[PDB]
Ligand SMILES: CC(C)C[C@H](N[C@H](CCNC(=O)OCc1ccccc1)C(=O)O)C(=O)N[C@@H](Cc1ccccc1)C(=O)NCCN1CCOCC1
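One chain follows as structure tokens, the form deposited without this ligand.
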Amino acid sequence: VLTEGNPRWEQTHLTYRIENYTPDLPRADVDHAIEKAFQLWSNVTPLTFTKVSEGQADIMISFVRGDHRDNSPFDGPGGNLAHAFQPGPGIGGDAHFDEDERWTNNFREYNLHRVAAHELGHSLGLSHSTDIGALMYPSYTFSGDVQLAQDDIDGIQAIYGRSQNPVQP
């Protein structure tokens, strides 16, 4: 047990990179969905996320289909719609999205941002909850706009703290 409890990120700032954009949606709209999710978490936490166009990033995001050299192949549109590894070296922190399902940004079948935000919850060590107003709810539900819940804000803030930032005149 090198780290006490679950391995938490020692740095207060993290970086991320998109390995590739699926032809499911234009990259311009995918960056907005992913960029908006990180901003929401950083908005209520002193944590910061910066996109990198080169070099290895703390969080790697990519899209894969069927079996992709992993011990958890997707079983058709059934099973989980995506998954991620625990925050750690090697494949740890990586997050894959099932490109077999059709991703959308409206009342369609599913919202890509809702699933992306859920993956971040697991990456930050956040667990599911019985609060229907929480995005990490086990059952998928259309809530329209995606916003964090007080239960989730207090949870991530308790681990790190409040986003205090005394600005000078």
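Counting begins at 1, following the sequence as shown.
The following text describes the form deposited with this ligand bound, which does not appear among the structures shown.
This ligand in the bound PDB entry is not approached by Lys51, whose heavy atoms all lie more than 4.5 angstroms from it.
Contact check for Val64: every heavy atom lies farther than 4.5 Å from this ligand in the bound PDB entry.
A residue is said to contact a partner when one of its heavy atoms sits within 4.5 Å of a partner heavy atom; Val115 meets this definition for this ligand in the bound PDB entry. Though the partner is left out of this view, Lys36 does not reach within 4.5 Å of this ligand in the bound PDB entry, counting heavy atoms only. The partner is absent here; in the bound PDB entry, the one residue of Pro138, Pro26, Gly144, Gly55 having a heavy atom within 4.5 Å of this ligand is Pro138.
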